[PDB]
Amino acid sequence: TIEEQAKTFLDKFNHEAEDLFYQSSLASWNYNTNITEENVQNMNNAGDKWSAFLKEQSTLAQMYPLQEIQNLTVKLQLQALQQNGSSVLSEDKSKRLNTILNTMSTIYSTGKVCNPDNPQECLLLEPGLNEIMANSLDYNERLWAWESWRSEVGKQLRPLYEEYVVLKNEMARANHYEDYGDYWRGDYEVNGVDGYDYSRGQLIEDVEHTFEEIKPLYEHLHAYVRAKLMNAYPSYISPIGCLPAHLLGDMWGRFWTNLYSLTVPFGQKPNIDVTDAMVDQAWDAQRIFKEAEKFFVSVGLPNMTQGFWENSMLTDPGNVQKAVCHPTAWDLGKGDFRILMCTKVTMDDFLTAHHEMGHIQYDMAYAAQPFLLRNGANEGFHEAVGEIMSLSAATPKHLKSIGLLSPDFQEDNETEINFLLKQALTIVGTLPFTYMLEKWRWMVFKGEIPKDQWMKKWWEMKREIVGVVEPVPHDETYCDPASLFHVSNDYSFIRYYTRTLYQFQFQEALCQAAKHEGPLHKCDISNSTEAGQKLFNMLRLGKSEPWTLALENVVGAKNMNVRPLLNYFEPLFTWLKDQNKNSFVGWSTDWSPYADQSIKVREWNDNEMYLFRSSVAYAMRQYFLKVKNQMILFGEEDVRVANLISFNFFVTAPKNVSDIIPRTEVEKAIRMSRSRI
Ligand SMILES: CC(C)C[C@H](N[C@@H](Cc1cncn1Cc1cc(F)cc(Cl)c1)C(=O)O)C(=O)O
Ligand SMILES: *[C@@H]1O[C@H](CO)[C@@H](O)[C@H](O)[C@H]1NC(C)=O
Ligand SMILES: *[C@@H]1O[C@H](CO)[C@@H](O)[C@H](O)[C@H]1NC(C)=O
Ligand SMILES: *[C@@H]1O[C@H](CO)[C@@H](O)[C@H](O)[C@H]1NC(C)=O
Ligand SMILES: [Cl-]
Ligand code: NA
Ligand SMILES: [Zn+2]
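Below, the discussion takes up the sheet that holds strand 8 (residues 639–642). The sheet built from 3 strands is open, its strands ordered 7-9-8 with antiparallel pairing. Each edge of the sheet is formed by a strand with only one pairing partner; in this case those strands are strand 7 (599–600) and strand 8. Bridge analysis of strand 8 against strand 9 (residues 648–651) gives 4 bridges, and the strand direction is antiparallel. Note on strand 9: the bridge partner recorded for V641 is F649.

This part covers the state of the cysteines. Under the defined criterion, the tally for this structure stands at 3 disulfides. Two residues share a disulfide in this structure: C114 and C122, whose sulfurs sit 2.1 Å from each other. Residues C114 and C122 share a disulfide whose torsion about the S-S bond is about 90°; that sign makes it right-handed. The class of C114 is partly exposed, set by a relative accessible area of 32%. One disulfide bridge connects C325 with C342, the sulfur atoms lying 2.1 Å from each other. Between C325 and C342, the disulfide has an S-S torsion of -80° and is therefore left-handed. Taken together, the positions of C325 in the loop between helix 12 (306–311) and strand 4 (328–333) and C342 in the loop between strand 5 (336–340) and helix 13 (347–365) put the pair 17 residues apart, joining distant regions of the chain.

What follows concerns the coordination of the sodium ion (ligand 6). Coordination sphere of the sodium ion (ligand 6), protein contribution only: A245 (O), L247 (N), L248 (N) and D250 (O), at 2.2 to 3.2 Å. Counting the intervening residues between successive donors of the sodium ion (ligand 6) yields the motif A-x1-L-L-x1-D. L247 gets classed as buried once you look at its relative accessible area, which sits at 0%. Its relative accessible area of 13% is what places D250 among the buried residues.

You can see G186 is positioned in the loop between helix 7 (180–185) and helix 8 (200–232). What makes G186 partly exposed here is its relative accessible area of 21%.

Sulfur atoms bridged by a disulfide sit less than 2.5 Å apart; for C114 and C122, annotated as such a bridge in UniProt, the distance of 2.1 Å is consistent with the bond. For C122, a relative accessible area of 37% corresponds to the partly exposed category. Between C511 and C523, where UniProt records a disulfide, the sulfur-sulfur distance comes to 2.0 Å, consistent with the annotated bond. Placement of the pair is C511 in helix 19 (residues 494–513) and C523 in the loop between helix 19 and helix 20 (529–539), with a sequence separation of 12 residues. Each of the two residues, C511 as well as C523, counts as buried.

The next subject is the site of ligand 1. Of all residues adjacent to ligand 1, which total 17 residues, the nearest are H326, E356, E383, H486 and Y496. Contact between ligand 1 and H359: an oxygen atom at 3.2 Å from a side-chain N or O atom of the residue. A distance of 2.7 Å is found between an oxygen atom of ligand 1 and a side-chain nitrogen or oxygen belonging to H486. For ligand 1, the accessible surface in isolation is 610 Å², of which the surrounding protein chains cover 83%. Secondary-structure elements contributing two or more residues to the shell around ligand 1 are helix 13, helix 18 (485–488) and helix 19. When residues of the shell around ligand 1 are assigned to their parent elements, the largest contribution, 6 residues, is made by helix 13.

Surveying the vicinity of ligand 4 reveals the residues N140, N656, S658 and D659. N656 places a side-chain nitrogen or oxygen 2.4 Å from an oxygen atom of ligand 4. In the complex, the protein chains occlude 43% of the 360 Å² of accessible area that ligand 4 would expose alone. Looking at the shell around ligand 4 residue by residue, the classes come out as no nonpolar, 3 polar and 1 charged.

What follows covers unusual backbone geometry. Residues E126 and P127 are joined by a peptide bond in cis, for which omega reads 10°. Its identity as a non-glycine residue notwithstanding, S86 has a phi of 60°, on the positive side. With respect to the helices and strands, the residue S86 is situated in the loop between helix 3 (73–82) and helix 4 (91–110). What makes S86 partly exposed here is its relative accessible area of 33%. Positive phi, normally seen in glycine, also occurs at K334, with a value near 55°. Of note, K334 is situated in the loop between strand 4 and strand 5.

Our next topic: a nonpolar patch on the surface. A cluster of nonpolar side chains, contributed by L625, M631 and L633, occupies part of the molecular surface with about 330 Å² of accessible area. Note that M631 resides in the loop between helix 24 (606–625) and strand 8.

A few words now on the pattern of salt bridges. Inspection of every chain in the model, using the stated rule, returns 34 salt bridges. Among the salt bridges present, the one from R463 reaches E470, with a minimum N-O distance of 2.7 Å. Of the residues examined, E470 reaches a relative accessible area of 5% and is grouped as buried. As a salt-bridge pair, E667 and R671 come within 3.3 Å of each other at their nearest N and O atoms. Remark: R671 and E667 occur in helix 25 (residues 663–672); sequence separation between them is 4 residues, near one turn of the helix.

This next bit is on the nonpolar core. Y161, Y164, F381, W440, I525, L565 and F569 are the most contacted members of the largest nonpolar core, which has 172 residues in total. Considering each element in turn, this core owes the most residues, 18 residues, to helix 16 (residues 413–446). Here this core spans two domains, since at least three of its residues come from each of domain 1 (2–175) and domain 2 (203–444 + 452–579). Ignoring anything within four residues of it in the chain, the contact list for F569 reads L217, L420, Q423, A424, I427, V428 and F504.

A separate point is the coordination of the zinc ion (ligand 7). Ideal donor angles around a metal are set by the shape: a four-donor tetrahedron calls for 109.5 degrees, a six-donor octahedron for 90 or 180 degrees. Of the protein atoms, only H355 (NE2), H359 (NE2) and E383 (OE) coordinate the zinc ion (ligand 7), at distances of 1.9 to 2.4 Å. Mapped onto the polypeptide sequence, the residues donating to the zinc ion (ligand 7) form the spacing pattern H-x3-H-x23-E. Taken together, the positions of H355 and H359, both in helix 13 and 4 residues apart, correspond to about one turn of that helix. The pair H355 / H359 is uniform in exposure class, with both members buried.

Moving on: the pairing of strand 1 (residues 112–115). As defined by bridge partners, strand 1 adjoins strand 2 (residues 118–124) across 4 bridges and the pair is classed as antiparallel. What sits directly across from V113, in strand 2, is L123. Taking the residues that link successive antiparallel strands as the turn, the strand 1-strand 2 hairpin has 2 residues.

Criteria and cut-off values
- Residues numbered from 1 in each chain as written, not as in the entry; some residues may be left out.
- Chains lettered and ligands numbered in written order.
- Heavy atoms only, no water.
- Pairing = 2+ DSSP bridges.
- Helix = DSSP H or I, 4+ residues; strand = E, 2+ residues; numbered from the N terminus.
- Disulfide = S-S within 2.5 Å.
- Buried < 20%, exposed > 50% of the residue type's maximum accessible area, 1.4 Å probe, protein only.
- Donors = N, O, S within 2.8 Å, 3.2 Å for Na, K, Ca; no water.
- UniProt positions renumbered as here; feature names shortened; annotations may be inferred.
- Near = heavy atom within 4 Å.
- Polar contact = N/O pair within 3.5 Å; in protein donor to acceptor, adjacent residues only side chain to side chain.
- Areas by Shrake-Rupley, 256 points an atom, 1.4 Å probe, with all protein chains shown as cover.
- Nonpolar A, V, L, I, M, F, W, Y, C, P; charged D, E, K, R; others polar.
- Patch = residues over 30% accessible without salt bridge, like charges linked within 9 Å, V, L, I, M, F, W, Y side chains within 5 Å.
- Salt bridge = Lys/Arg side-chain N within 4 Å of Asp/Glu carboxyl O.
- Core = buried A, V, L, I, M, F, W, Y, C linked by side-chain atoms within 4.5 Å.
- Domains from an automatic or database assignment.
- Contact = heavy atoms within 4.5 Å.

Spelled out as structure tokens, the structure:
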């Protein structure tokens, strides 16, 4: 019969696929832990094997009727195996795309910028630039790191990324999607299950609908933060303008988390940022992941495996190897679970341990499922599980209990405004960032944004949707999207939007099962086996049930709903509306840090623009050797042109960028050399 054959086919495929998957997984591990030419080669071979095997089983599965399946377990598996991806591309195309992927990945993880005053002092993104963007209060140095990274590293990514889009769109349009974007939204698709179906376009709509309901609380968080940042960087921020992109606590403003030291509502209270308490005790990466383990075990979940501790890399290896430091949770297969994290002793590395270990715990739970279904019910479910736990672990109640807040820490209504504020800087601050990033990639893949307008459109969407403005104008030799890990390392990003809605929904139903009474934000599901079982019973399903039904069985809703996330932040919202009565709320897209020094302008090609920039640079060189008696090697690069028969420009001193030249000064220089034409 058909079923009995297919049953044995999928049974054989699943076990054969596990062992080939373990092989490329493990080769990807060694590459990521030990970036090396050899390991790139062992990776590429192991992957080539995996891909060729899938192409074989893909065609060999296209035989078994795509329809006529008795056990729906034995149907969706087939449906995936019949989609012969990658192989749609020629062997020349496919090897090129894998080369582009390894090149982007390698550039991003090895990219370095150097101090202009000391060329032998160079800085990786992790930890050097990251540490500057987390901690420096210097506007200029934060500018240097932000622009260096996008001009030394992002520019290397621009041409590769253009090819990446061409190749990925071809593999997708041949796998029968509208483009790579649509291929990605396919992670959320449910078909053939009435009352639980979900279409790829539904994802766009639900995301845009919910994002409307989140704007007000974002706008007020944006207004409060702007005001505080006007205090921390006096005279640099317009009270109706967008926030400068280098002033947000990390390289991109993905999270506004590190702005807590500048935005804390009630600085006199005991610190709810427990970084210092970890440093003052003997907290290392071992202690951190041991504490995260305690939490999942108190909830009823298993400990980590022996292999996990044996094979993870929870610290920076050193100068003995180059490793992708991005926290990542790996399910290599065959009971092999491990985490890659260059863990530091901050509260942020501490909540991230819980998040990454959440991935592991989900991976563990659905190990007992067929290989083809060993996945999240969708990608947001997977990202939400670590965050559920992170919500409980960040509560001052929980922190007090693991000795990081004094035993005398008094919960009052000012500490909760502090806690809710910090939470908002992470959770709410990231939602516009995330939506706008993915909205951009979705549009690039659909073809709605031409290549000559990628950066133009990118910084228009930053200003408009995010309330963030670039501090330096960027032309189409940049690829600012790709300077973030997820974009240069080819990962979807809506998982971070959808996990944020999911996580409060799940937190709501878990706090009820944990016999919580009171507001959601005071809830810590620690020690609740009833909470753990409710969650586990869903985790152990993998992707065997559609996610709409998996959501229903845990929280009683078929779809994502933003009501729980807003209830969580209701106290803080009220307080923010009060704190902002004398602030502007919203932003104008027109102000930019550099427009108050710019100058407008009267067959024209880029080479004309090159002679122009070179002339202005030359003019400047004279005007400082003449009207000032100095020699300054102004380059064409130091002439920054924006808003391009018309354009606006300003001049910066070479090796400083922040050092804009007074608009009145450049004018005299232009006049002084106006004779030469
Ligand atoms: C393969 C990917 C999809 C993995 C992806 N990694 C997380 C990492 C993380 C978790 N909590 C916060 N972060 C951000 C962060 C970045 C960083 F460099 C250092 C630190 Cl301490 C934190 C993510 O990017 O969100 C995931 O697990 O989703
Ligand atoms: C890193 O990779 C190189 C090349 O494969 C290898 O010789 C070296 O021993 C590796 N180092 C570690 C620590 O694995
Ligand atoms: C906290 O409580 C006091 C009175 O106990 C009140 O005046 C204040 O508005 C409350 N909220 C704060 C301080 O955010
Ligand atoms: C760059 O310009 C700023 C302008 O405020 C100045 O304060 C800073 O010292 C300069 N940095 C240099 C020249 O390295
Ligand atoms: Cl470094
Ligand atoms: Na920033
Ligand atoms: Zn994650």
